[PDB]
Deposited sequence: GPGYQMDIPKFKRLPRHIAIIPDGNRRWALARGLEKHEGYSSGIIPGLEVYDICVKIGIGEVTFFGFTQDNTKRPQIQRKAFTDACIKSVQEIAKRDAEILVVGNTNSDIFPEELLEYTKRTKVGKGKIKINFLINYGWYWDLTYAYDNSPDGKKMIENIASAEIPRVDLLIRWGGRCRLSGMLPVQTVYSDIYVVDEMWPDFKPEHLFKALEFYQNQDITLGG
C-alpha cells in the first residue's frame, strides 16, 4: 500500500464488466456477477485500511432490470451477498433504491435506514433498484429531499469495464466528481486499480 498526500472523502464504485469477463473465459453471460463479490470485499478492506470516510457501490438500477431474467437473478443475488458480507464487517451500511417494487430484495429492506449510525466508522452505501429519475422526482427543499439525500457529494468515481459514463449514478452527487476508468472487467479487480485511481485523484 503506497502513502497518499490527498484522499477523497467519498468514493463511488461502478463494478462493470462482469458479463464480458464471463464470455472471455467461455462462461455464460450471467456467470460473471458472482465473481464480483470478493472484489467488493477487497475494495472495502483497502478503504477501511487507508481510512476512506464513505464508499458508494453501484449495485443495480431499474434500467438493469430490463436485462434478461437469468442475468437479473445473478446480479441481484451477487448484490444481496455483497451487502450481507459487508454487514458482517464493521461498517455503517445504507441501501438506497425503489423499495415499492417486487424487484427489491426483502433481505436488504432492513438496510434502507443507516445501521450503526454515529459509531465513528466507515459508511458503505449500495444502489439497489436505483433510478436517477426515481431519485430526482422523489422530492415531489428538493435537493435535500431526493431519495439519495443521505449520500453526500462524490469526490472520486472509479468504473471498471473500460466504459466512461455514469449509467445514471447519482446525477446530483457526481456533478463535480473526478472519473477514473479501469479497462479491466470488475471481476479482474487488482489492488493496483484502486491505488492508481487514488494517485490520479491526488494529482488534481
Deposited positions lacking CA coordinates: 1-7, 148-154, 219-224
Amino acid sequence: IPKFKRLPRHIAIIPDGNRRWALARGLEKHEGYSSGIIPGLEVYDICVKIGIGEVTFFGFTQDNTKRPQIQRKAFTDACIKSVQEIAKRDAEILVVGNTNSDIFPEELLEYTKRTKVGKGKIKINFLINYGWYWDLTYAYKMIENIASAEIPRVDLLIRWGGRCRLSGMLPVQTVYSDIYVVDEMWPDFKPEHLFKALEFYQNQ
From here on, numbers count along this sequence of modelled residues.
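In this text, the rigid core denotes the largest set of C-alpha atoms whose superposition between the two forms falls within 1.5 Å.
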Stretch farther from the shown model on average in 4 other deposited structures of this protein, with CA RMS computed after core superposition (90-98, 111-119): 111-119
Stretch with the greater mean C-alpha B-factor as recorded in the entry, comparing 142-150 against 28-36: 142-150
Average Cα temperature factor in the PDB entry - higher stretch of 52-60, 131-139: 131-139
Residue with maximal Cα B-factor (values as given in the PDB entry) among 112, 76, 82, 125: 112
Within-chain third of residue 10 by Cα B-factor, per the entry: middle
